[PDB]
Amino acid sequence: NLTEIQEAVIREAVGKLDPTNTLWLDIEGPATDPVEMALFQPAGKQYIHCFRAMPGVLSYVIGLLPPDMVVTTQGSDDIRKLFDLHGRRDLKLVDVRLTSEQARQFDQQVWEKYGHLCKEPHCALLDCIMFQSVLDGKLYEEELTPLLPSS
(Lines give C-alpha, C1' and ligand atoms only; values in the text may rest on other atoms or scores of the structure.)
Protein backbone atom coordinates (compact mmCIF):
# COMPACT_ATOMS: atom_id res chain seq x y z
CA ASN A 1 0.00 0.00 0.00
CA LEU A 2 3.13 2.16 -0.04
CA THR A 3 5.05 2.73 -3.26
CA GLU A 4 8.33 0.86 -3.40
CA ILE A 5 10.10 4.22 -3.43
CA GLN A 6 8.37 5.30 -0.22
CA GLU A 7 9.26 1.94 1.32
CA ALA A 8 12.90 2.27 0.26
CA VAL A 9 13.16 5.78 1.69
CA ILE A 10 11.51 4.79 4.99
CA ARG A 11 13.69 1.69 5.20
CA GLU A 12 16.87 3.77 4.85
CA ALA A 13 15.70 6.34 7.41
CA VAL A 14 14.86 3.71 10.07
CA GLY A 15 18.21 2.01 9.34
CA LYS A 16 20.06 5.11 10.51
CA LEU A 17 18.56 4.75 13.99
CA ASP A 18 20.98 3.51 16.65
CA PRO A 19 19.37 0.83 18.89
CA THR A 20 21.72 1.56 21.81
CA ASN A 21 20.43 5.12 22.17
CA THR A 22 17.20 6.53 23.56
CA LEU A 23 14.47 6.60 20.93
CA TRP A 24 11.32 8.68 21.37
CA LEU A 25 8.10 7.88 19.51
CA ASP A 26 5.09 10.22 19.50
CA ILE A 27 1.87 10.00 17.47
CA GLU A 28 -0.74 12.72 17.06
CA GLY A 29 -4.27 11.59 16.23
CA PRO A 30 -5.89 8.11 16.32
CA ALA A 31 -3.44 5.21 16.43
CA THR A 32 -4.82 3.62 13.26
CA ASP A 33 -4.96 6.95 11.43
CA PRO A 34 -2.27 9.33 12.71
CA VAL A 35 -2.02 12.94 11.58
CA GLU A 36 1.60 13.18 12.62
CA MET A 37 4.28 10.82 13.78
CA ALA A 38 7.72 11.62 15.06
CA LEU A 39 10.73 9.65 16.19
CA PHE A 40 13.58 11.40 17.92
CA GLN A 41 17.02 10.32 19.05
CA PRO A 42 18.63 13.06 21.15
CA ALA A 43 22.05 11.40 21.40
CA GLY A 44 22.27 11.01 17.63
CA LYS A 45 20.76 14.46 16.98
CA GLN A 46 18.36 12.98 14.43
CA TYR A 47 14.63 12.58 13.92
CA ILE A 48 12.02 11.04 11.64
CA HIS A 49 8.96 13.19 11.12
CA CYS A 50 5.91 13.34 8.87
CA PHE A 51 2.35 14.70 8.74
CA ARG A 52 -0.70 14.20 6.53
CA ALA A 53 -0.68 7.47 3.52
CA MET A 54 0.06 7.78 7.26
CA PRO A 55 -1.18 4.35 8.42
CA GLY A 56 1.14 2.74 5.88
CA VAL A 57 4.17 4.70 7.03
CA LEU A 58 3.57 4.01 10.73
CA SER A 59 3.07 0.27 10.09
CA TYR A 60 6.17 0.07 7.95
CA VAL A 61 8.25 1.92 10.53
CA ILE A 62 7.08 -0.40 13.33
CA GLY A 63 7.98 -3.46 11.24
CA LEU A 64 11.47 -2.02 10.76
CA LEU A 65 12.42 -0.99 14.32
CA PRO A 66 15.40 -2.98 15.63
CA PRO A 67 14.69 -6.18 17.63
CA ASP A 68 13.97 -5.89 21.37
CA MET A 69 14.49 -2.12 21.32
CA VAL A 70 13.36 0.25 24.07
CA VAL A 71 10.93 2.94 22.83
CA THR A 72 10.25 6.03 24.96
CA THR A 73 6.87 7.76 24.81
CA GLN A 74 4.65 10.09 26.82
CA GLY A 75 1.92 7.43 27.02
CA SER A 76 1.85 4.10 25.19
CA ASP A 77 -1.46 2.35 25.90
CA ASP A 78 -2.40 2.34 22.21
CA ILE A 79 1.17 2.17 20.92
CA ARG A 80 1.47 -1.14 22.80
CA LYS A 81 -1.65 -2.39 20.99
CA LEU A 82 -0.25 -1.27 17.62
CA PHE A 83 3.13 -2.86 18.25
CA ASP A 84 1.51 -6.18 19.14
CA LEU A 85 -0.95 -6.25 16.23
CA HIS A 86 1.99 -5.78 13.94
CA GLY A 87 3.97 -8.62 15.37
CA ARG A 88 6.33 -6.52 17.49
CA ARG A 89 5.70 -7.88 21.00
CA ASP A 90 9.48 -7.74 21.35
CA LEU A 91 9.52 -3.94 21.48
CA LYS A 92 9.77 -2.51 24.99
CA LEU A 93 7.95 0.65 26.09
CA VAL A 94 8.78 3.33 28.65
CA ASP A 95 6.24 6.10 29.46
CA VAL A 96 7.68 9.36 30.76
CA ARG A 97 4.73 10.73 32.67
CA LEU A 98 5.50 14.40 33.15
CA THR A 99 2.62 16.41 34.57
CA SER A 100 1.19 19.20 32.34
CA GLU A 101 3.02 21.66 34.52
CA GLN A 102 6.32 19.76 34.36
CA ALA A 103 6.09 19.37 30.59
CA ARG A 104 5.91 23.15 30.20
CA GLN A 105 9.27 23.82 31.83
CA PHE A 106 10.93 24.32 28.44
CA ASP A 107 7.92 24.62 26.14
CA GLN A 108 8.60 28.20 25.03
CA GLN A 109 12.36 27.72 24.55
CA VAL A 110 11.72 24.62 22.45
CA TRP A 111 9.14 26.39 20.31
CA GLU A 112 11.54 29.28 19.85
CA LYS A 113 14.39 27.00 18.77
CA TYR A 114 12.52 24.31 16.80
CA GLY A 115 9.10 25.74 16.02
CA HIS A 116 9.99 25.98 12.34
CA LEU A 117 10.00 22.18 12.01
CA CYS A 118 6.30 22.18 12.76
CA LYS A 119 5.09 25.62 11.57
CA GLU A 120 -0.17 26.01 24.00
CA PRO A 121 0.58 24.83 20.45
CA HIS A 122 1.73 21.18 20.29
CA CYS A 123 3.31 18.91 17.71
CA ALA A 124 4.67 15.40 18.12
CA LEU A 125 8.32 16.22 17.48
CA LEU A 126 8.57 19.19 19.83
CA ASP A 127 6.76 17.32 22.62
CA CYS A 128 9.61 14.76 22.55
CA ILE A 129 12.27 17.47 22.64
CA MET A 130 10.41 19.18 25.51
CA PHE A 131 10.15 15.98 27.54
CA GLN A 132 13.79 15.03 26.90
CA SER A 133 14.76 18.55 28.05
CA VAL A 134 12.88 18.05 31.32
CA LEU A 135 14.72 14.76 31.88
CA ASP A 136 18.07 16.34 31.03
CA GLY A 137 17.21 19.28 33.31
CA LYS A 138 18.25 21.62 30.54
CA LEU A 139 17.16 22.71 27.15
CA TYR A 140 17.91 20.44 24.27
CA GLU A 141 19.40 22.68 21.61
CA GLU A 142 21.52 20.55 19.27
CA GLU A 143 21.42 20.79 15.49
CA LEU A 144 18.92 18.18 14.24
CA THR A 145 19.15 16.15 11.05
CA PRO A 146 15.90 14.87 9.56
CA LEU A 147 16.25 11.27 8.34
CA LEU A 148 13.16 11.14 6.25
CA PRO A 149 12.44 13.75 3.64
CA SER A 150 8.85 14.71 3.02
CA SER A 151 7.24 12.59 0.30
# chains A, B, ... in the order shown; residues from 1 in each chain; ligands from 1
$ residues_around --residues "residue 38 in chain A" --least-positions-apart "6" --cutoff "10 Å" --atoms "only C-alpha atoms" --output "PyMOL selection string"
chain A and resi 24-28+47-51+58+123-128
$ write_last_selection --atoms "N, CA and C atoms" --output "PDB file, in the first residue's frame"
ATOM      1  N   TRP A  24      12.669   8.207  21.079  1.00  0.00           N
ATOM      2  CA  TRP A  24      11.324   8.675  21.365  1.00  0.00           C
ATOM      3  C   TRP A  24      10.402   8.381  20.198  1.00  0.00           C
ATOM      4  N   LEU A  25       9.165   7.993  20.502  1.00  0.00           N
ATOM      5  CA  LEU A  25       8.097   7.885  19.511  1.00  0.00           C
ATOM      6  C   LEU A  25       6.864   8.632  20.004  1.00  0.00           C
ATOM      7  N   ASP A  26       6.319   9.512  19.169  1.00  0.00           N
ATOM      8  CA  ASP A  26       5.088  10.225  19.504  1.00  0.00           C
ATOM      9  C   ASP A  26       4.174  10.291  18.284  1.00  0.00           C
ATOM     10  N   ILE A  27       2.895  10.002  18.503  1.00  0.00           N
ATOM     11  CA  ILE A  27       1.875  10.000  17.466  1.00  0.00           C
ATOM     12  C   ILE A  27       0.809  11.018  17.839  1.00  0.00           C
ATOM     13  N   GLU A  28       0.363  11.793  16.858  1.00  0.00           N
ATOM     14  CA  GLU A  28      -0.739  12.722  17.062  1.00  0.00           C
ATOM     15  C   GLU A  28      -1.928  12.193  16.265  1.00  0.00           C
ATOM     16  N   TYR A  47      16.043  12.886  13.760  1.00  0.00           N
ATOM     17  CA  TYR A  47      14.634  12.575  13.917  1.00  0.00           C
ATOM     18  C   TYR A  47      13.980  12.116  12.617  1.00  0.00           C
ATOM     19  N   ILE A  48      12.889  11.374  12.758  1.00  0.00           N
ATOM     20  CA  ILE A  48      12.017  11.038  11.644  1.00  0.00           C
ATOM     21  C   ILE A  48      10.685  11.705  11.925  1.00  0.00           C
ATOM     22  N   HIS A  49      10.138  12.376  10.921  1.00  0.00           N
ATOM     23  CA  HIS A  49       8.958  13.193  11.123  1.00  0.00           C
ATOM     24  C   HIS A  49       8.123  13.226   9.855  1.00  0.00           C
ATOM     25  N   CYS A  50       6.805  13.107   9.998  1.00  0.00           N
ATOM     26  CA  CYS A  50       5.911  13.336   8.867  1.00  0.00           C
ATOM     27  C   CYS A  50       4.448  13.508   9.268  1.00  0.00           C
ATOM     28  N   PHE A  51       3.755  14.372   8.523  1.00  0.00           N
ATOM     29  CA  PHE A  51       2.345  14.698   8.740  1.00  0.00           C
ATOM     30  C   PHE A  51       1.491  14.196   7.578  1.00  0.00           C
ATOM     31  N   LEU A  58       3.451   4.418   9.338  1.00  0.00           N
ATOM     32  CA  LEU A  58       3.568   4.015  10.727  1.00  0.00           C
ATOM     33  C   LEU A  58       3.752   2.500  10.839  1.00  0.00           C
ATOM     34  N   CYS A 123       3.112  19.901  18.759  1.00  0.00           N
ATOM     35  CA  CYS A 123       3.311  18.906  17.713  1.00  0.00           C
ATOM     36  C   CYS A 123       4.150  17.758  18.263  1.00  0.00           C
ATOM     37  N   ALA A 124       4.082  16.615  17.595  1.00  0.00           N
ATOM     38  CA  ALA A 124       4.675  15.395  18.124  1.00  0.00           C
ATOM     39  C   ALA A 124       6.163  15.560  18.357  1.00  0.00           C
ATOM     40  N   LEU A 125       6.865  16.133  17.387  1.00  0.00           N
ATOM     41  CA  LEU A 125       8.315  16.222  17.475  1.00  0.00           C
ATOM     42  C   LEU A 125       8.776  17.089  18.643  1.00  0.00           C
ATOM     43  N   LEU A 126       8.159  18.253  18.791  1.00  0.00           N
ATOM     44  CA  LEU A 126       8.570  19.186  19.833  1.00  0.00           C
ATOM     45  C   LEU A 126       8.228  18.675  21.234  1.00  0.00           C
ATOM     46  N   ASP A 127       7.088  18.009  21.371  1.00  0.00           N
ATOM     47  CA  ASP A 127       6.757  17.324  22.622  1.00  0.00           C
ATOM     48  C   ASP A 127       7.906  16.423  23.094  1.00  0.00           C
ATOM     49  N   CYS A 128       8.482  15.627  22.188  1.00  0.00           N
ATOM     50  CA  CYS A 128       9.609  14.755  22.545  1.00  0.00           C
ATOM     51  C   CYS A 128      10.830  15.558  22.998  1.00  0.00           C
TER      52      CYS A 128
END
$ select_by_dssp --residues "range 14-116 of chain A" --states "helix (DSSP H, G or I)" --output "PyMOL selection string"
chain A and resi 14-15+54-64+77-85+100-103+107-116
$ residues_around --residues "residue 9 in chain A" --least-positions-apart "5" --cutoff "9 Å" --atoms "only C-alpha atoms" --output "PyMOL selection string"
chain A and resi 4+14+148-149
$ write_last_selection --atoms "N, CA and C atoms" --output "short mmCIF file (atom, residue, chain, number, x, y, z; two decimals), in the first residue's frame"
data_model
loop_
_atom_site.label_atom_id
_atom_site.label_comp_id
_atom_site.auth_asym_id
_atom_site.auth_seq_id
_atom_site.Cartn_x
_atom_site.Cartn_y
_atom_site.Cartn_z
N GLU A 4 7.06 1.49 -3.70
CA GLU A 4 8.33 0.86 -3.40
C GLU A 4 9.42 1.91 -3.15
N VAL A 14 14.89 4.52 8.84
CA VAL A 14 14.86 3.71 10.07
C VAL A 14 16.22 3.03 10.32
N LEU A 148 14.20 11.52 7.13
CA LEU A 148 13.16 11.14 6.25
C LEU A 148 12.55 12.34 5.60
N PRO A 149 12.90 12.58 4.36
CA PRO A 149 12.44 13.75 3.64
C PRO A 149 11.04 13.60 3.12
#
$ residues_around --residues "residue 91 in chain A" --least-positions-apart "3" --cutoff "10 Å" --atoms "only C-alpha atoms" --output "number ranges by chain"
A: 62, 65-71, 80, 83-84, 87-88
$ select_by_dssp --residues "chain A" --states "strand (DSSP E)" --output "list in words"
residues 24, 25, 26, 27, 28, 36, 37, 38, 39, 40, 41, 46, 47, 48, 49, 50, 51, 70, 71, 72, 73, 92, 93, 94, 95, 145 and 146 of chain A
$ write_last_selection --atoms "N, CA and C atoms" --output "CSV table (one decimal), in the first residue's frame"
chain,number,residue,atom,x,y,z
A,24,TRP,N,12.7,8.2,21.1
A,24,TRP,CA,11.3,8.7,21.4
A,24,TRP,C,10.4,8.4,20.2
A,25,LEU,N,9.2,8.0,20.5
A,25,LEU,CA,8.1,7.9,19.5
A,25,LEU,C,6.9,8.6,20.0
A,26,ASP,N,6.3,9.5,19.2
A,26,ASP,CA,5.1,10.2,19.5
A,26,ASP,C,4.2,10.3,18.3
A,27,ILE,N,2.9,10.0,18.5
A,27,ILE,CA,1.9,10.0,17.5
A,27,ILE,C,0.8,11.0,17.8
A,28,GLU,N,0.4,11.8,16.9
A,28,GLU,CA,-0.7,12.7,17.1
A,28,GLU,C,-1.9,12.2,16.3
A,36,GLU,N,0.2,12.9,12.5
A,36,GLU,CA,1.6,13.2,12.6
A,36,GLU,C,2.3,12.0,13.4
A,37,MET,N,3.5,11.7,13.0
A,37,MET,CA,4.3,10.8,13.8
A,37,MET,C,5.7,11.3,13.8
A,38,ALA,N,6.4,11.2,14.9
A,38,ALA,CA,7.7,11.6,15.1
A,38,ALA,C,8.5,10.6,15.9
A,39,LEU,N,9.8,10.4,15.5
A,39,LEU,CA,10.7,9.6,16.2
A,39,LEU,C,11.9,10.5,16.4
A,40,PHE,N,12.6,10.5,17.5
A,40,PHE,CA,13.6,11.4,17.9
A,40,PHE,C,14.7,10.7,18.7
A,41,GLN,N,15.9,10.8,18.3
A,41,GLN,CA,17.0,10.3,19.0
A,41,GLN,C,17.9,11.5,19.5
A,46,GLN,N,19.1,13.3,15.6
A,46,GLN,CA,18.4,13.0,14.4
A,46,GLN,C,16.9,12.7,14.7
A,47,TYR,N,16.0,12.9,13.8
A,47,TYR,CA,14.6,12.6,13.9
A,47,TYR,C,14.0,12.1,12.6
A,48,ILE,N,12.9,11.4,12.8
A,48,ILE,CA,12.0,11.0,11.6
A,48,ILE,C,10.7,11.7,11.9
A,49,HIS,N,10.1,12.4,10.9
A,49,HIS,CA,9.0,13.2,11.1
A,49,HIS,C,8.1,13.2,9.9
A,50,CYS,N,6.8,13.1,10.0
A,50,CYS,CA,5.9,13.3,8.9
A,50,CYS,C,4.4,13.5,9.3
A,51,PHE,N,3.8,14.4,8.5
A,51,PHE,CA,2.3,14.7,8.7
A,51,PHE,C,1.5,14.2,7.6
A,70,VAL,N,14.1,-0.6,23.1
A,70,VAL,CA,13.4,0.3,24.1
A,70,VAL,C,12.9,1.5,23.4
A,71,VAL,N,11.5,1.7,23.4
A,71,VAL,CA,10.9,2.9,22.8
A,71,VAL,C,10.4,3.8,24.0
A,72,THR,N,10.7,5.1,23.9
A,72,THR,CA,10.3,6.0,25.0
A,72,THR,C,9.1,6.9,24.5
A,73,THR,N,8.0,7.0,25.2
A,73,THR,CA,6.9,7.8,24.8
A,73,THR,C,6.3,8.6,26.0
A,92,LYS,N,10.0,-2.9,23.6
A,92,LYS,CA,9.8,-2.5,25.0
A,92,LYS,C,9.4,-1.0,25.0
A,93,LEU,N,8.5,-0.7,26.0
A,93,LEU,CA,7.9,0.7,26.1
A,93,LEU,C,8.2,1.3,27.5
A,94,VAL,N,8.6,2.5,27.4
A,94,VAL,CA,8.8,3.3,28.7
A,94,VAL,C,7.9,4.6,28.5
A,95,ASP,N,7.1,4.9,29.5
A,95,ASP,CA,6.2,6.1,29.5
A,95,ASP,C,6.7,7.2,30.4
A,145,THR,N,19.2,16.6,12.4
A,145,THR,CA,19.1,16.2,11.1
A,145,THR,C,17.9,15.3,10.8
A,146,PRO,N,17.0,15.7,9.9
A,146,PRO,CA,15.9,14.9,9.6
A,146,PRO,C,16.4,13.7,8.8
